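Ideal geometry is used to build each Cβ from the backbone, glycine not excepted, and the neighbour counts take in all protein chains shown. Values quoted throughout were computed directly from the atomic coordinates according to the rules given, and no laboratory measurement underlies them.
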Amino acid sequence: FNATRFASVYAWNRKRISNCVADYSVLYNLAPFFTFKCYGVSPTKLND
Amino acid sequence: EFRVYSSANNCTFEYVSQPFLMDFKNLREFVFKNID
């Protein structure tokens, strides 16, 4: 989220992210958040 | 010295901690169990 250089959309990376706790509450300090329409599990059911 | 394997691929699990080997005058018993 807070990186410096991003990848292009034809050379998009895939980093496997595992073996932690997944805190999704660090997504509020950015620009005023134009897109969070989810297609799966609800945002209120992400922390459980 | 990486003289065990030759080619690498997508890893699934990584783990670093205190080493299993510690300290012919010492017995080291080991039991491995892969269930569920």
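How many residues are within 12 Å of the chain's Cα centre (by Cα) and either within 12 Å of another protein chain (Cβ to nearest Cβ) or surrounded by 10 or more Cβ atoms within 10 Å (Cβ to Cβ) (or both) if we restrict to segment B:5-28?
Residues in segment B:5-28 being within 12 Å of the chain's Cα centre (by Cα) and either within 12 Å of another protein chain (Cβ to nearest Cβ) or surrounded by 10 or more Cβ atoms within 10 Å (Cβ to Cβ) (or both): 3 in total.
Looking at segment A:10-17, can you tell me whether even one residue there is at positive phi, in a loop (DSSP other than H, G, I, E, B) and away from chain B (no Cβ under 14 Å)?
Taking every residue of segment A:10-17 in turn, none turns out to be at positive phi, in a loop (DSSP other than H, G, I, E, B) and away from chain B (no Cβ under 14 Å).
When segment A:18-48 is examined, which residues are found to be of a type in the set (S, T, N, Q), more than 14 Å from every other protein chain (Cβ to nearest Cβ) and more than 12 Å from the chain's Cα centre (by Cα)?
A:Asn29, A:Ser42, A:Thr44, A:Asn47
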